[PDB]
Amino acid sequence: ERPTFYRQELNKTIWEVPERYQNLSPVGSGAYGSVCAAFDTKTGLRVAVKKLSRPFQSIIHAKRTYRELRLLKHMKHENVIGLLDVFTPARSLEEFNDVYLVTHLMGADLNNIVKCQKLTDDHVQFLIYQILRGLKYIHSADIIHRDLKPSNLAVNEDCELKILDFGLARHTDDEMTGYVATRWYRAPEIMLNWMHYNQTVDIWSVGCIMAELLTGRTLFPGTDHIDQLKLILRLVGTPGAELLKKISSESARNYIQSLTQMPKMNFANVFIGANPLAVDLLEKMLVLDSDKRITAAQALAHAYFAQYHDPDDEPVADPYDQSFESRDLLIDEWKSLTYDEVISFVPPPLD
Ligand SMILES: C[S@](=O)c1ccc(-c2nc(-c3ccc(F)cc3)c(-c3ccncc3)[nH]2)cc1
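Residues numbered from 1 in each chain as written, not as in the entry; some residues may be left out. Heavy atoms only, no water.

- Method information in the entry identifies X-ray crystallography as the source of the structure, with 2.5 Å recorded as the resolution.

1. A word on the overall build of the protein chain
Point 1. When you go through the protein chain residue by residue, the secondary structure sums to 12 helices and 10 strands.
Point 2. Put simply, the protein chain has 351 residues, and 50% of those count as buried.
Point 3. The long-range share in the protein chain, meaning contacts at least 24 apart out of those at least 6 apart in sequence, stands at 65%.
Point 4. Between the mean site of the 38 positive side-chain charges and the mean site of the 47 negative ones, the protein chain shows a separation of 4 Å. (Helix = DSSP H or I, 4+ residues; strand = E, 2+ residues; numbered from the N terminus. Buried < 20%, exposed > 50% of the residue type's maximum accessible area, 1.4 Å probe, protein only. Contact = heavy atoms within 4.5 Å. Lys, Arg positive; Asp, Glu negative; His and termini not counted. Charge placed at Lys NZ, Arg CZ, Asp CG, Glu CD.)

2. Things to note about the UniProt feature "domain: Protein kinase" in the protein chain
Point 1. Residues annotated by UniProt as "domain: Protein kinase" correspond here to residues 21-305.
Point 2. Helix and strand shares over residues 21-305 are 36% and 15% respectively, and the end C-alpha atoms of the span are 40 Å apart. (UniProt positions renumbered as here; feature names shortened; annotations may be inferred.)

3. Considering the environment of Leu110
Point 1. Positionally, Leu110 belongs in helix α2 (residues 110-113).
Point 2. Once residues lying within four places of it in the same chain are set aside, the contact partners of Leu110 are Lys115, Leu127, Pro150, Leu153, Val155, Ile209 and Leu213.

4. Remarks on the sheet that holds strand β6 (residues 85-87)
Point 1. Strands sit in the order β3-β4-β5-β7-β6 across an open sheet of five strands; the sheet is antiparallel. Looking at strand neighbours, the two that pair on one side only are β3 (21-30) and β6, the edges of this open sheet. Strand after strand, the sheet turns through a mean of 25° between neighbouring axes, direction not considered.
Point 2. The pairing of β3 with strand β4 (residues 33-40) spans seven bridges and is classified as antiparallel. If you follow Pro26 over to β4, its bridge partner there is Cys36.
Point 3. Contacts from helix α1 (residues 59-74) reach β5 (46-52), β6 and β7 (99-104) within the one sheet, and its direction differs from that of β5 by about 160°. (Pairing = 2+ DSSP bridges. Axes fitted to C-alpha atoms, helices over the stretch in contact; angles between N-to-C directions.)

5. A closer look at a nonpolar patch on the surface
Point 1. There is a patch of nonpolar side chains on the surface, built from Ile59, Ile60 and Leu330 and spanning about 310 Å² of accessible area.
Point 2. Tracing the backbone through its elements, the reader meets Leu330 in the loop between α11 (296-300) and α12 (331-343). (Patch = residues over 30% accessible without salt bridge, like charges linked within 9 Å, V, L, I, M, F, W, Y side chains within 5 Å. Areas by Shrake-Rupley, 256 points an atom, 1.4 Å probe, with all protein chains shown as cover. Salt bridge = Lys/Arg side-chain N within 4 Å of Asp/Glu carboxyl O.)

What follows is the structure, given as structure tokens:
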């Protein structure tokens, strides 16, 4: 590495980036840092360059920073966000304090394309197909997204989709109160912390997204946790003895049982006029018991994606080492590991 870095101040934010990145224009800011749009002269792509505020200000922040880089450094799939570059103007680990992440500039998210209508079956087939393809890859690496929602799905003009902003990072809390979309896509068990969730929590999310692409309406727009749980059970039915056994909190089990029992509803009478195939997949995705939900790899083989499925074009990931997740390190140690990951970044090829 080590090119020539030039520095400038845009929106009172200092940016020290290599010369390959030109014509930087602020495009977002916040506690996390700031994001810029720029032109990458070496790849010819319009990229987003994110400058992380002060990444090593606590053991938890330095950890989340290490986690983000590792995650992004690992993701190599067409339908998943990838890392184009990572740099720091620092010449040594001593002065290493700033981390910049560079990725393809994402324009519109799914929450724009759809919020503006109810789509055609072929569009739903395609968009959900890609979400599942990327999810098969992610899950195959033992990664659970945990926060799949329209706003976390970049979609271009050609209806090509990429899975973004991974949940794996920021502790699940704070912004899930009330009438908020940040919770309408969550599986009941992760939402009410009934049990230790598995990868199928992401599948429940795809179902919510898919159903919303078909009807043009939010499937479970609860005004709060309980109101949402209620909406869910009305459609999916209340838990039975088998699932109840798996809910660990005794008050949670006690609460569930205070509810009048309800049978699963007829989905064809909910998703009126939808491709029967779409209806069937939804029923296999929105299953209360996470253990009986369909897996991404299984969903891809569903007759609903007959027009796009090709087992030879749905790759899985290289093994992802998350041992660090259980490692007990000091800030400087998380900071050193991050630096190593930065220093060692090898760019994706141009072809
Ligand atoms: C925690 S906060 O709400 C927050 C919001 C946005 C981002 C955020 N981080 C990136 C971003 C930049 C470079 C990368 F390599 C990876 C992600 C983007 C981005 C990606 C593609 N096109 C436009 C913007 N948005 C990070 C934190």
